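S.K.:
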Amino acid sequence: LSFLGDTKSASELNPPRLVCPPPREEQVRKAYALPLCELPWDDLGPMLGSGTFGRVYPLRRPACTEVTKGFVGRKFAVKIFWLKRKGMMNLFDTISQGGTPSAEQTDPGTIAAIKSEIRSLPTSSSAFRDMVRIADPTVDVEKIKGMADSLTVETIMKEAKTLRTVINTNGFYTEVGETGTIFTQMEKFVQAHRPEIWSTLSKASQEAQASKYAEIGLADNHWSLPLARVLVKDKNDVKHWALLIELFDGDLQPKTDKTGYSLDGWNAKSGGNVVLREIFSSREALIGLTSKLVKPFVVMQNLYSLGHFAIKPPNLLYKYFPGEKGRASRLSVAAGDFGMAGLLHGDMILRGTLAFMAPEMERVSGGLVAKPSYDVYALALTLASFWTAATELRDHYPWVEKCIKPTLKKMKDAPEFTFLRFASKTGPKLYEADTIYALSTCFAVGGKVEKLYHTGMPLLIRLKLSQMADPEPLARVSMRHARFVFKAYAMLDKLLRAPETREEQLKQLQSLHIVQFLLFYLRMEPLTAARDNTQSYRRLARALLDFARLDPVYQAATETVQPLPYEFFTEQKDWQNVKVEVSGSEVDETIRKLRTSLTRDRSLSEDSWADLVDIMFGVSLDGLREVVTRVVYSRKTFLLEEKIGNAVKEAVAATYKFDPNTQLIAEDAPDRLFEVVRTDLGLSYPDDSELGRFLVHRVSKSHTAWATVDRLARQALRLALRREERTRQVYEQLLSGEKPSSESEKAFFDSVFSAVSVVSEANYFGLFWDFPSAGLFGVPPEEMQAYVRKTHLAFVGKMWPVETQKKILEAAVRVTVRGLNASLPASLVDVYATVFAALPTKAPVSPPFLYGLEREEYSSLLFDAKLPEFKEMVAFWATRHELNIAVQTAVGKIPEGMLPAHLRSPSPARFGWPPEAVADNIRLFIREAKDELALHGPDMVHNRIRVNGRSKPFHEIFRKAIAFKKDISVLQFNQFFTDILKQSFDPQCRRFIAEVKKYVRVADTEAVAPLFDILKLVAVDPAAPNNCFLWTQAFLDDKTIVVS
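Read in order, the letters of the sequence shown are residues 280 to 300, 307 to 784, 791 to 1186, 1201 to 1258, 1266 to 1310, 1319 to 1332, 1338 to 1349, 1356 to 1375 in the UniProt record's numbering.
1) Less than 7 angstroms between C-beta atoms, sequence neighbours within five positions excluded: which residues of the same chain meet that for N937?
2) Buried or exposed for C299, going by 16 or more other Cβ atoms inside 10 Å?
3) Over the uninterrupted alpha helix (DSSP H) stretch that includes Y774, give me the two end residues.
4) Output the distance between the C-alpha atoms of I596 and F641, rounded to the nearest integer angstrom.
5) Could you name the residues that DSSP lists as bridge partners for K1309?
6) Could you spell out the range, first to last residue, of the beta strand (DSSP E) harbouring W1362?
7) Taking the runs of the beta strand (DSSP E) that are 3 residues or longer, which of them lie wholly in the stretch 440 to 521?
8) In whole angstroms, what separates the C-alpha of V1320 from that of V1374?
9) Evaluate the contact criterion for the stretch 887 to 905 versus the stretch 929 to 949: three or more CB pairs, one atom per stretch, below 8 angstroms.
10) Determine the closest residue to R345 out of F338, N868, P325 and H1207, with distance taken between C-alpha atoms.
11) Strictly by DSSP, which residues pair up with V1126?
12) Over the uninterrupted alpha helix (DSSP H) stretch that includes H994, give me the two end residues.
13) If you follow the beta strand (DSSP E) that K524 is part of, which residue opens it and which one closes it?
14) Count Cβ pairs between the stretch 545 to 557 and the stretch 330 to 347 that sit closer than 8 angstroms; are there 3 or more?
15) Using DSSP bridges, identify the partner residues of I1269.
16) With distances taken Cα to Cα, identify the nearest neighbour of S509 among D842, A620, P1071 and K934.
17) So, is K687 buried or exposed, given that buried needs 16 or more other C-beta atoms within 10 angstroms?
18) Taking the C-alpha atoms as reference points, what is the distance between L974 and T861?
19) What do you reckon, are the CB atoms on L1010 and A1046 nearer than 8 angstroms?
20) Checking the sheet assignment: what are the DSSP bridge partners for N1248?
21) Would the stretch 738 to 747 count as touching the stretch 876 to 895 if we require 3 or more Cβ pairs under 8 angstroms?
22) Using DSSP with H/G/I as helix, E/B as strand and the rest coil, what is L329?
23) With three or more beta-carbon pairs closer than 8 angstroms as the criterion, would you say the stretch 484 to 499 touches the stretch 634 to 649?
24) Along the alpha helix (DSSP H) that carries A1077, what are the first and last residues, could you check?
25) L678 and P854: beta carbons closer than 8 angstroms?
26) In or out: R1232 buried (at least 16 other Cβ within 10 Å) or exposed?
27) Excluding the five sequence neighbours on either side, which residues of its own chain have a C-beta within less than 8 angstroms of the C-beta of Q796, listed in chain order?
28) At 4 residues or longer, and completely inside the stretch 541 to 608: list those alpha helix (DSSP H) runs for me, N to C.
29) Quick check on the DSSP output: the beta strand (DSSP E) that includes residue 1376 runs from which residue to which?
30) Check each candidate in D1346, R296 and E444 and name the one with the smallest Cα separation from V910.
31) What number of angstroms, rounded off, separates the C-alpha of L537 from the C-alpha of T673?
32) How is the alpha helix (DSSP H) around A1113 delimited, first residue to last?
33) Start and end of the alpha helix (DSSP H) containing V1043?
34) Can you tell me the Cα-Cα spacing of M764 and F282, whole angstroms?
35) Classify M1164: buried if its beta carbon has 16 or more other beta carbons within 10 angstroms, exposed otherwise.
36) For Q390, which residues of its own chain have a beta-carbon under 8 angstroms away from its beta-carbon, when the five flanking residues on both sides are left out?
The following block contains the structure:
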């Protein structure tokens, strides 16, 4: 362990730790000495982007001969400084060009803005008195700070030509100071940590000295800084100031849709999305981007002292280089905007964007000093915004519309999530008690943001992003640690995936520090170049997840703290003034044990131990005294997490004992499980205490795990049915109703259990339950293989094919539309929302999952459809049945310009049809309603009949319409429903009789018409309460049953 004592002091491959904690004119005069160039308004092309301070222009007819020697490739673009605020530049233009402006644009707001902006002109500086002298040598800037306030500004009709230059040059001056404050800090670093460069800059340079910094910032560090000081000459001889920035494709933030027909908000025709949609949809490109995106900020924080305090998707710039033939697509990323950058541990000003502000900046932090932990939060949010983008892109971020705001609305009179309430000094805080818990839950495994992630995001990245966005300022990992783990995983994944460059890849891998410690800790050898190292990459990537689960700390705490006997949680009163407290003197014995276990009985110094814990766990030395306290608190309450984990997994078995065909378990707890568990254990905890919240937190955490086990067992079945035709034979045997031999069932279940491991491998490097987990599940991992094979594979054995899943869902969506009489909205998002929120109550069969708590795995498993395709599948069914219902009533009124107000000429994109199918589907609906009407007559009689329906933990009564003749008898009445039972979905009820009872059954000689209302229709078996009339397509449909 010789590399730990700060061996690489200024390297950019693995920077050192963050150990511990100028005039104004100097910073402006530093960056003001950049090369100047002049070009007219003819090399500039069409405008390409516009902000609040400037407009960017690409330059045609190449110019700026300072470039020909400069950076190869790397197209350029100027930006003219043009203040956009209350249309005052437009007013200045209309006055200068000629004519008189309107009095409507002038009076209150424009004059207010000019009055506010002519003051605060830094007329003291000597740089601002030369910037204005170069652009216009006739204006005397010392009279304009006086004329604005002596006589109020209404001389605007004669001072426009000067006000323009003054204001735009003040904008240029601010943007120049923003870069000077960085050139200063870069020079302060090149002195101490670069001997080769500072032997040719310190000798003699002032402009080359300031161009070298820009070259270093663009090429080495991946920032984006200005390179020249171009001065543009207009057609009317009015010079504007500008800067020569680099040109990217830019703005990793995609555009949203506005027509309302896209079920993921992606604008289908934005032109700039076509490439972004290729990045945010694949797994390899996203794994590469995640590691490429941390480099600039790691460099910025650990090498130089400054920090970047406005991180958000619009501020990151990209460059694609498609690489179609003979090469590969190489993505490049840079950091854009440097408006708020400042030295670390210096005083700061609260100015950011609200959705990305750390919660510890809310009231105060010693006057809000600039801490390094404010930047790790904003990258966790930014990266989570990239992994959930191809699934439900919205205009507002997920953690504020699903996690923060519905919590803020409940337990306070403060629904205002604004910046004025965030910055204010007086009032109720914004992140006080429950909003912090909601934010913590939002990113953990099972929350909303975590429900929206890609299917292919490994568990290591999920855990790391969950640890970077931690509301607690301590116990939050640093940027160096994140860079290490993400880069190591990207390298290992590219080695594993790919089938002369292997040598360079292996050297670049083993040159890291995290990998060298992992090789020392796993007892491994310097790997190879001529050996198949597959199982040695499998171990380095699996040992990198055990440190995210925090397994070494748990193994060190298992040997120190005892488990707090079970007679503590049942034999104590006053449950509001007791709480499991950690001694504070054992959180030190566990740390000593951990140090000895990790170092392997060598003797490190203190700096080496600090560096090692920062590399491996990513915290300070007084920052692991909270990680360790969490672990030993979780170890004290053993024997209560285990009893809870065992109380559930019997609810999961009762679910299959009561409803023997469910098709999912649906991770979110059914809100009734808590009362089952609290009564199962015999507990009585006041719901507002350290133990009531603990119990409600553990019940859901165990239910999510058991639902995950169920889902993996259901995916393995569908994977093993795709191969091994013998498995398919036995599966069809099971489904058809009969039963197979014993050895055939054994082979079937053995194949499914062998496929469980193939399914579990991708996201969890190994099995799902293959870690120390006996408080999460109720079963130690040694007895977990023998539970899934013998017990759980019998629940999920007979699972309906996909066509049946789609048919019953279609028929349950076409009943909700009859149930609710109102019409449907205009945008398909709202149609889906209403139809799928009113579905559990008005449908006979309950859906497998609820609205808002839906996932991509559920849909891809049950329906073979992604989430934005599942929603689009539901909306079309809804709208088409709406059109059918509208045509039926109109055909009824006629003894057709009498359709409702928004169906006379609808766009065939509201349906799924092409433009040629609507005028035929209407004719089909007409030809069908004609028969539905011809049904009615004097002889026929219509009524409803009662059967058993949904199974609530006895059954509901469910009544279905019937139409028959008066001549019919019970003889011919029972035979029809017997023949209907033959096509049931439930394989058990394919052999039943379907008598009609009153429960005294009726004589077969009686008539049916005089009996019609207490009689019900039951299914009895001829050999020996069931609801297996509900599982038929005749009883699930809308049309009435025609008994005939």
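By construction, the Cβ of each residue, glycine as well, lies at the ideal position given by its N, Cα and C atoms.
M.R.: Concretely, from the data shown:
1) Translated into the one-based positions of the sequence shown, residue 937 becomes position 646. Closer than 7 angstroms at the Cβ level, and outside the excluded window around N937, lie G1069.
2) Position 20 of the sequence shown holds residue 299. When all chains shown are included, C299 counts as exposed.
3) Locating residue 774 in the sequence shown gives position 489, where the first residue counts as 1. Looking at the DSSP string, the run of the alpha helix (DSSP H) that includes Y774 is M764 to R782.
4) Taking the sequence shown and counting its residues from 1, one reaches residue 596 at position 311. Taking the sequence shown and counting its residues from 1, one reaches residue 641 at position 356. Spanning the two alpha carbons is a distance of roughly 8 angstroms.
5) Position 997 of the sequence shown, counted from the first residue, corresponds to residue 1309. Under DSSP, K1309 takes part in a beta bridge, and its partners are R1321 and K1341.
6) Working through the sequence shown from its first residue, we reach residue 1362 at position 1031. Here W1362 belongs to no beta strand (DSSP E), and DSSP marks it neither H nor E.
7) The stretch 440 to 521 contains, as complete beta strand (DSSP E) runs of 3+ residues, the segments 516 to 518 (chain order).
8) The count along the sequence shown starts at 1 and reaches residue 1320 at position 1000. The count along the sequence shown starts at 1 and reaches residue 1374 at position 1043. Rounded to the nearest angstrom, the two C-alpha atoms are 23 angstroms apart.
9) no
10) Counting from 1 along the sequence shown, the entry for residue 345 is found at position 60. Measuring from the Cα of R345, the nearest candidate turns out to be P325.
11) The residue given as residue 1126 occupies position 835 in the sequence shown. BP columns for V1126 are empty, so no partner.
12) Locating residue 994 in the sequence shown gives position 703, counting from the first residue. Residues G983 to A1011.
13) As a working note, residue 524 is residue 239 in the sequence shown. Run containing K524: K524 to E531, per the beta strand (DSSP E) assignment.
14) no
15) Numbered from its first residue, the sequence shown carries residue 1269 at position 957. In DSSP, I1269 forms a bridge with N1253.
16) Position 224 of the sequence shown holds residue 509. Nearest of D842, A620, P1071 and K934 to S509, Cα basis: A620.
17) Position 402 of the sequence shown holds residue 687. So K687 counts as buried.
18) Locating residue 974 in the sequence shown gives position 683, where the first residue counts as 1. Locating residue 861 in the sequence shown gives position 570, where the first residue counts as 1. Cα-Cα distance, rounded: 7 angstroms.
19) Mapped onto the sequence shown, residue 1010 falls at position 719. Mapped onto the sequence shown, residue 1046 falls at position 755. Result yes, Cβ atoms of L1010 and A1046 sit closer than 8 angstroms.
20) The residue labelled residue 1248 in the question sits at position 943 within the sequence shown. DSSP, once it has assigned bridges, lists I1274 as partnering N1248.
21) no
22) Residue numbering aside, residue 329 sits at position 44 when the sequence shown is read from its first letter. Reduced to three states, the DSSP call for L329 is strand.
23) no
24) Translated into positions along the sequence shown, residue 1077 becomes position 786. That run of the alpha helix (DSSP H) goes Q1076 to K1081.
25) Residue 678 sits at position 393 when you count from the first residue of the sequence shown. Residue 854 sits at position 563 when you count from the first residue of the sequence shown. Taking 8 angstroms as the cut-off, the beta carbon of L678 is found no closer than this to the beta carbon of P854.
26) Taking the sequence shown and counting its residues from 1, the one referred to as residue 1232 is at position 927. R1232 sits exposed, since fewer than 16 C-beta atoms from the chains shown fall within 10 Å of its C-beta.
27) Numbered from its first residue, the sequence shown carries residue 796 at position 505. Answer for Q796: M776, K779 and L780, listed in chain order.
28) 558 to 564, 568 to 577 and 580 to 583
29) The structure shown has nothing for residue 1376, since the chain only spans 280 to 1375.
30) By 1-based counting over the sequence shown, the position of residue 910 is 619. Checking every option, the nearest Cα to that of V910 belongs to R296.
31) Numbered from 1 along the sequence shown, position 252 holds the residue referred to as residue 537. Numbered from 1 along the sequence shown, position 388 holds the residue referred to as residue 673. Taking the straight line joining both Cα atoms gives about 14 angstroms.
32) Within the sequence shown, the letter at position 822 stands for residue 1113. Segment: none, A1113 is in no alpha helix (DSSP H) and carries neither H nor E.
33) Here residue 1043 refers to the residue found at position 752 when the sequence shown is read from its first residue. Here the alpha helix (DSSP H) through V1043 covers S1033 to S1051.
34) Position 479 of the sequence shown holds residue 764. Position 3 of the sequence shown holds residue 282. Using only the alpha carbons, I get a separation of about 20 angstroms.
35) For the purposes of this step, residue 1164 is taken as residue 873 along the sequence shown, with counting starting at 1. Buried is the call here.
36) Locating residue 390 in the sequence shown gives position 105, counting from the first residue. Same-chain partners within the cutoff: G372, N375 and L376.
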